[PDB]
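This text opens with one protein chain seen in two forms, each one given by itself as C-alpha cells under the names structure 1 and structure 2.
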Structure 1
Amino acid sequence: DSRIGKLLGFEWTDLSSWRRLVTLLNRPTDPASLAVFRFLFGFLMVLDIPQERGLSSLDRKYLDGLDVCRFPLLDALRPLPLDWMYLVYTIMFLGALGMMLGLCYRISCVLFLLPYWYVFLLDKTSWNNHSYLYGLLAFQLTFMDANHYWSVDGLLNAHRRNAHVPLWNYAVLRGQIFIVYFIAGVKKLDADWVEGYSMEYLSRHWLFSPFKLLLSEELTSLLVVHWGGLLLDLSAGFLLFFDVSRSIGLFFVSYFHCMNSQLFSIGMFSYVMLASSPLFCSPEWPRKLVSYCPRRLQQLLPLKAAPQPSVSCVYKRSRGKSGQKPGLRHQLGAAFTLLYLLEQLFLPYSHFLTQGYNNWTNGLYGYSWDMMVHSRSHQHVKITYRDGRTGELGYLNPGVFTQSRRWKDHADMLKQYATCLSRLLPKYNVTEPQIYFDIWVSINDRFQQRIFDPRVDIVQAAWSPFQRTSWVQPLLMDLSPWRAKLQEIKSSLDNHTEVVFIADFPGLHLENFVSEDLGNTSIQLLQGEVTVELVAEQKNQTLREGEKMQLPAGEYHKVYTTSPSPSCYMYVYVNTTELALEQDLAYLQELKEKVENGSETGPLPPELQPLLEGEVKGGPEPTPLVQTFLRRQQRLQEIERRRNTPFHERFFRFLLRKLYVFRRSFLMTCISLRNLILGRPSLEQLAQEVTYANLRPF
C-alpha cells in the first residue's frame, strides 16, 4: 500500500529481523523470465564455444611437443595433452546443451562451470570482462531453480513442472547487472575519458553519420561517444528498476548494445546483455505473451496455467495456521545473496591488497569493468641476454616462444617469460643467462617512455604478489598537457615526414641505429637537457631547448639525459628510398599514360613492353621497378573489386566461413575422441582424416 513498498516491492518492517528478511528473500515468484534467460544464455554459450573459446584453433595452441611460455595464474597449473583438452571442451559443450534444454540442470551447470574456470585460470592473456561475466553467470545459475518452467526436466518430473521459485534468484541476477552498469560507469569517471582522449577516433564510423548533421566531428566525438556512454551506464543502472522509466531505459540500452555489437568485435557480450535486459520486467511476461496467441500456437508453446506450489519457498499461511518456519536452504540462500553481492561490490576495488599486479593501470585486466578506458601503443621492444659462461652479449627476437603480447604491460607475466627463457635457452648453447628487457609504450597518446628498468636482471629480480614491484617505472602525469601541443606538431607535417616523441629518465640512455633508408633524419629537443653522441667519431654535443641536429643515416648514435628531471625530445624522419621509388613509379605511370593517349609516337623501350603486355612470357625477366608497378596495379584492382561487392555475396561468404569453423571443430573433436577411446591409428590414416577435416565446405 505504501508508496515505498510499491516502488521497491518490500516494506521496511520486512527488514526488522532476520526471519522476516529470510521470508522476504524466499517469497514465491513466477519462474518464466528466469527460464527464458536460462535458454538464451545456454544458446549463446553453445554458439560461443566453437568461436571465441578457441575450439577450432585449439589444434595449434596446445600442440604436443611444442615449447611455449605459458601464463597461468598459478605456476602449478599446466595444460593436459591435446586429446584431453578436446575431451574437456566436449564436456563444456554437453554442459552448455544441458543448461539450454534444462536436462539434468545441476549436473549440466557443474559440467559447464568447472571446465570453464579451468580454461579461464590456465591463461591470463585471454582474460577480458565478457569472459569473467560468463563465468560468474554460470556460477550463479548453478544454484538457482531455473528448470521449473519450459524445461525437459519438468516433463520427466511432475514436482518441478511450472513451480514457484524464491525471489533471490531474480535478486542476484538484477544485482549483478546493476553492479556491472554502475561499476563500469564510475570507472569511466577518469580524466582520459571525460576529456576525449580514449576512443578519440571511433566517431568516424558511418553509424554516427546522422549525428554529424547537427554536430561537428570534434563535438560528436565528445558529447555522444564519451559522455553518452557514461550517462547511459549510470541511467541503465537506475532506470530499468522502476516501472516509470523501464520503456525508455530498454530503448536506450538496446540501441547502445546494438551499436556496440556493430562497432566492436567483442563477440556475444552485446547479445548476452540484450538477453539479460528483460529480467527487470515483471517475472511473468512470457506467460502473458503466450496467453496473447491463437489456440494453435498455445498447443505448442509452454503452459499458461498458474504455477503450482513448491517446497523451496516460505509460504505465508492465511488459514490461521502458524507460519512455516524457514528451514536451512532458505537461510543459506539469503546468506549467499548478501555475501555474493558484497563480494562483487568489493572485488573491483581490491587493488590495494594485490599490489604485485599493479602497473600504470590497476591490477590484471578482466575483473574491473574498465572497458575501453585505456588505449596503449608500443614502439620498440629489445630483449638482451648475457651468457653466464663466456660473457657474450646477444639479442633475442622480441616475440620468441610466445603466443600473446600482453607480457609487455605486466611485471608478473614478464617474470614468467624470463623464467621460461631461462629454462629454454640452454637448448640453444647458452649457459645460465642474465636477461634484460627494454620496452617503450604510451597510453592514450602520451610521450613514449620505458615501462621496466632496463638495468635489472629479471631472472634474479624479486617479485611477490602482495608487495610493490621495485623495477616498474612510474608514469609521468606531469607531461599530460603536452598532448595538446604535440597534436599541433602532428598537423604541421607533409604527407611523407613522420614524427616520434620520446621522454626519458635521468641517468638512462637510448642507443639507436638509423637504417640506411631513413636519410634526412633529425632530432629536436623539447624540454630538459640531453647530449647526443655519435660513435663513428666519438663526438658528443649537448643540446639545449629548441635546438635541432641532423643525425647520420646508417650509423649508430646515443642520447643521454643529463638533467635533474626527465627530458623530452622528438625524432622527425623521412623515408628516402620510398620517396625515390614513388617518383620513379609516377614517372613510369606518366609514360604509360602518354603511350595510351597517343602521345610519345616513338618506339617504346624494351623494358616498357612487359607493362603494355602485362605478362612475362618469352622474354627477359622484369626489373624490380616493373615488378613493383605491376604488383601495385594488381593490388589496386583487387581492392577496387573488393569494394564493388553486393551485400548478399558478403552475407553468403560470412555464413560459409562460420559453417567451416563449426565443421572443423566437430571433425577434430571426433578424431581425438576416437584416438582416446579406440587408440591412435597409423600416421597415414591420421593425415588423411586431418586433410579431410580442413577441407573448405564449398
Structure 2
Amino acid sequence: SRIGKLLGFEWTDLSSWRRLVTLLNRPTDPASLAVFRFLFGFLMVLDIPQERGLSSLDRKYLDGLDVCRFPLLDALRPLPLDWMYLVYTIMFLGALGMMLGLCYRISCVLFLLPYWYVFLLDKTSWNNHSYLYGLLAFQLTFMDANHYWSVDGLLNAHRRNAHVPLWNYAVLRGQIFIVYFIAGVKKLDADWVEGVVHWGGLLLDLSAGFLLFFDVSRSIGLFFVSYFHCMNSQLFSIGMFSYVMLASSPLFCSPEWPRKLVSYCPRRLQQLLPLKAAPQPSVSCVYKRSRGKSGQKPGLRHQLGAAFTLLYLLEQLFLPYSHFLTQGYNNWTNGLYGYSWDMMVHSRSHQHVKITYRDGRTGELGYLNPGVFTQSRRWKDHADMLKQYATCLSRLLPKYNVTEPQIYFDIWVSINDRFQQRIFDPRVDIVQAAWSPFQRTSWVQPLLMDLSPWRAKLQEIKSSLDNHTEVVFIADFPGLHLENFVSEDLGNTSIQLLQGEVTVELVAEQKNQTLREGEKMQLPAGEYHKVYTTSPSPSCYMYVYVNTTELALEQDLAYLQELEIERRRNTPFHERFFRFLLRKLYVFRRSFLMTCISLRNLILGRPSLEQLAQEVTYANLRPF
C-alpha cells in the first residue's frame, strides 16, 4: 500500500483511541536518540561558561549594588552572589549527567530546574535559542535515551539495549518541524504585508521541513539543510543554535543509522562497544500479543505517553499565535520577544530621552540622565518594562532625600528614520498608572505610521532636493507641545505644515506665529522652537535645513586637493584558531577558579580580605 510505505503509519490505524495508543507505543531502535542526547548534553556543557554568563556573573549580580531588575514575575527575586555561583555548578553537573547517562532522570531534573529559574529572571536576555534549549531539556527529561551507548547501561541489566516507544521520535520530529515551519510562515506574513536572500531562507524553511519528512528526499534535504546551518555560522552571532539543528536533522533518518554506519568502513575492533545483534524487549512498549486470546492492555505509561504528544504539540502550535491574549505586553511591533521563532526589531533609532521627576513634598523638578541605574537599554521601548523601571525608581529614590517622586518620560522614537513620534505620553505619571498583562495599556500613543500625506511629499521633494541638506517629518499629538534648540550650523531652516494647525513660537522676540494648511516660514538659528498643536487631529511638520557652512568648509578641503585588519587578514587560520583557543581557555579557567573560590566560601569559613584580593587578582590573570 502507498500509505504503508509513505507515511509509515497505516491509514486505518487512525480509527480509535485504543489503536492510536498502540500505534504510538511500538518498538523502535534507540540508536539515534542516544547520539542526539549525547551531542545535546555536550553542547549544553560547552555553552554554559560562555553564553549563559558564568564568566560575567560577578559583574552582573554584585553585592552592595543598587540596580533595577526586569523579571517575568515580580516576586522572583534573585539569590545572593555566593548562592548564585552554586546553581550554575548544579546546572553544569546536571548537563554532564545528561551527556554521560549517570542517573539520567536526576541529571535531567538538576539541569532543568536552574535553567528555567535563571531564564525567567531577565526579560532583556530572552533569545530564540534559549527557549529552544529549555524546551529540548523539558522533552528529554520525559523520554528515556540511556538505552544505548550510555554509562548507565554498564551498571544495569535492563538498559544495555532496549526498545523505546515511537512517541519519543514523534515528539522530537514534531517539535523540530514546528520550529522549521512556524518561522517560515512568520517570515511570509511579516515581510510582504508590512511593506533575493529573503526568499531563499523562507523557501528553505518550508521546503526543507516538508521534504525532510517525506521518504525519498533525505540526501538532498540533508545536504541543503546542513549547508544552510553551517553557513549561518560566522554570519549570525546566534551562538550554538546552528549546531543544535545540525544534530537534530539526523533524527529524521531511519532510527538505526549508527548501527548501519559502524558495520562498513573496516577496522580492527568492533567489539569493545556492545556487539549490535538485536535489542531486548522493554517494559514500556505495547507488543502484538497472540490475537487468539486477546491483545495487550496498555497501562498508564502508554496512555499518558500517547496523550502527552498531542497535548504538547497542539499547545506548541497554538503558542506563537497567542499574541491577541497578551495585549499589555504588545508594543507597536514585538510583544515579548522569545516564543515566536522570528527576528526582533533592531531598536529603530531611539534617541532623545528626557526622564524628569517631581518631589512629592517640596514640589521641585529634577532631571536624571538616561539609564542611570539599569544595565540594559531594552527598558526604553516597552510598556511592561517602563512600569517596572518607574516602580524601582519610586522604591529607591527615598533613600536619596526624595519622597514618593512622580516621574515623567519623553521618548522621541524614530520609527524608520524620519517619523519622530512620542511613543509614551508625557503627561501621565508612570508610577501610579494602571497596568495589566491582558488589559490594553492606556498611555501608549496609537501609531500614526502613514495617517497623513507624508508618503507623497517624501518623494515629491527628492527631485527638488539640492546638495547637502536634511528634511525630517515630525508628527505631533493634540494637547502637547515641542522644543528643540537649533545649533549654529544649520541654515535656511523652515517648517511646512500638513495636517491641522501649529502655533510656532520664538522666545527672543517673543513671537507666536500660527500656521494654516500650507505656509512657508523661515526660522533663524540658535533660538527656541516652541511649536504647539491646537487642532484635534495630529499634525505633521516638514523641518528642513541645510548646513550652509558645510559647503564653505568642504571648499577648503577641495582647495587643498588642487594645491590591524590587514595583519589579521594576511595571517592564516592557524594563529586565529590559536587565539580562539587561548581566549576560550581564559574564560573557562576564569569561570572555574571563581566558582572554586565561591564554593570554598560559605562551605568553610570566609577567610581574610588579603587572601580574597590575592586570589581574585590571580583569577583575573590572563595566561601569557
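Here, a residue number simply tells you its place in the sequence of structure 1, counted from 1. Note that the rigid core is defined as the largest set of C-alphas that superpose within 1.5 Å between two forms.
Enquirer: Only one of 557, 174, 415, 130 crosses a C-alpha shift of 2 angstroms between structures 1 and 2, counting 2 angstroms or more, core aligned. Which residue?
Expert: It is 557; the other listed residues stay below 2 Å.
Enquirer: Tell me, please, whether between structures 1 and 2 the C-alpha of residue 449 is shifted by 2 Å or more, with the rigid core used for superposition.
Expert: Where the cores coincide, residue 449 still shows a C-alpha shift between structures 1 and 2 that is 2 Å or more.
Enquirer: Could you check whether the CA atom of residue 284 moves 2 Å or more between structures 1 and 2, using the rigid core for the fit?
Expert: Comparing forms between structures 1 and 2, the residue 284 CA shifts below 2 Å.
Enquirer: Spell out whether the Cα of residue 509 moves at least 2 Å between structures 1 and 2 when the two forms are superposed on their rigid core.
Expert: Yes, residue 509 moves 2 Å or more.
Enquirer: Superpose the two forms on the rigid core and tell me the Cα shift of residue 432 between structures 1 and 2 in angstrom.
Expert: Between its two positions, the C-alpha of residue 432 lies 2.1 Å apart after core fitting.
Enquirer: Would you look up how far the C-alpha of residue 306 moves between structures 1 and 2 when the rigid core is overlaid, in angstrom?
Expert: Displacement of the alpha carbon, after core fit: 1.2 Å.
Enquirer: Give the rigid core superposed Cα shift of residue 113 between structures 1 and 2, in Å, rounded to one decimal.
Expert: With the rigid core fitted, the alpha carbon of residue 113 is displaced 0.3 Å between structures 1 and 2.
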